[PDB]
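Read the single chain below, which is given as structure tokens and is the form deposited without the ligand.
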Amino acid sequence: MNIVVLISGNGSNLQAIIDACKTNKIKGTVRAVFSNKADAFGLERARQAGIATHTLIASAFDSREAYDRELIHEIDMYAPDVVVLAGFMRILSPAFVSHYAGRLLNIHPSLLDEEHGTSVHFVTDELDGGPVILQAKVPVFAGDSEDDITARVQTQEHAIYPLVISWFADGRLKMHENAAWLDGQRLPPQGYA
């Protein structure tokens, strides 16, 4: 499976993807990693694991169209079967999303008083919408810090973002007709339960 990741920062996520591929949990390989921030520590994790990296920075291009054209150019160069977004702070164009749609995945620290957890989903439009594959929820106990919450979530992401990519890996996930479908069965807007 030719997995390309996009990032904008730490790479903790990128990381678990990477490991799961080295442990052959995900039956794929991360071929390139792209960042849109030059000092993104995740770049370093990529270099450490010998994965090639490219960094396009908007200031370097004179229209977000030119930026996307270039980005879609360098990405396709690796022939991705999946394009994972593991913390890419960027406003996606129509054209970019279409170009990848069905292969484009992205994860939120949220599920879509206040409960916490992550949601993994097929991106389907430029406002970051589309079929949830899997929502997971994180408890908050009496007296944890914002940081404790944030960790729990972080951990959760590491636990499911891999896994949803394994389902795509073994051909168990496919999105069509704007719905995510795992094993033939269409999933409700909450994802697999």
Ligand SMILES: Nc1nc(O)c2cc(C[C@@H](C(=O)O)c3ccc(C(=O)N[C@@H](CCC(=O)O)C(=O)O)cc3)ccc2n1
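In this text, rigid core is short for the largest set of C-alphas that superpose within 1.5 Å between two forms. Numbers for residues come from their place in the sequence shown, where the first is 1.
If you look for the form deposited with the ligand bound, you will not find it shown, but the lines that follow are about it.
Ligand-free form, site status blocked: the ligand, modelled in by superimposing site C-alphas onto its pose in the entry with it bound, brings 3 or more atoms within 2.4 Å of backbone or C-beta atoms. Contact check for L111, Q135 and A159: none of the three has a heavy atom within 4.5 Å of the ligand in the entry with it bound.
Among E44, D144, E126, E70, the residue placing a heavy atom within 4.5 Å of the ligand in the entry with it bound is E126. The contact residue chosen from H99, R103, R90, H116 relative to the ligand in the entry with it bound is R90, the criterion being a non-hydrogen atom within 4.5 angstroms. Contact annotation: the ligand lies within 4.5 Å of heavy atoms from the stretch 127-135 in the entry with it bound, the single such stretch among 48-56, 127-135, 164-172, 26-34. In the entry with it bound, the ligand lies within 4.5 Å of some heavy atom of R64. Although the partner is absent here, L85 lies within 4.5 Å of the ligand in the entry with it bound, judged by heavy atoms. In the entry with it bound, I75 stays away from the ligand, with no heavy atom inside 4.5 Å.
Annotation: the position in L127, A60, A159, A38 displaced by at least 2 Å at CA between the shown form and the other one, with the core superposed, corresponds to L127. Figure legend: C-alpha atoms of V132 and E126, shown here, are separated by at least 3 angstroms less in the entry with it bound. Whereas the shown form places them at one spacing, the Cα atoms of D128 and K137 lie at least 3 Å closer in the entry with it bound.
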